[PDB]
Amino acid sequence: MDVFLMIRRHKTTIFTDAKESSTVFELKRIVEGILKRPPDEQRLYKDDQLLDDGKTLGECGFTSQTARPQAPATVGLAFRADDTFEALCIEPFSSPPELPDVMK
């Protein structure tokens, strides 16, 4: 089972997939290959929860049922600039307009 993810930090969102059986650390290797930052400089989150490097994605609650291509599950990412990391900040997307009269 592939799971489909959005790795999000500030205004950056990475679309990627991984095996449910792969670990958080292996996912950290994917983002460093993309965003050029080592795992020990990365923190991955599910909601407000820090994930252990050794845990599988499925153990962290990323399953095919909840991480679908058309509806990926969100991973928070925070970087260690020099020390104490930073607090997780995932910027939300823009707001849709009010439904036009003819659709409401």
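So that the term is clear: the rigid core is the largest set of C-alpha atoms that superpose within 1.5 Å between two forms. Don't overthink the numbering: it's just position in the shown sequence, from 1.
Here the rigid core sets the fit, and in 5 other deposited structures of this protein the C-alphas of 81-89 stray farther than those of the other stretch, out of 81-89 and 6-14.
On average the C-alpha atoms of 78-86 have higher B-factors than those of the other stretch, with 78-86 and 14-22 being the two compared. Once the C-alpha B-factors are averaged per stretch, 33-41 and 61-69 rank with 33-41 first. Looking at the C-alpha B-factors along this chain, the one for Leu5 belongs to the lowest third.
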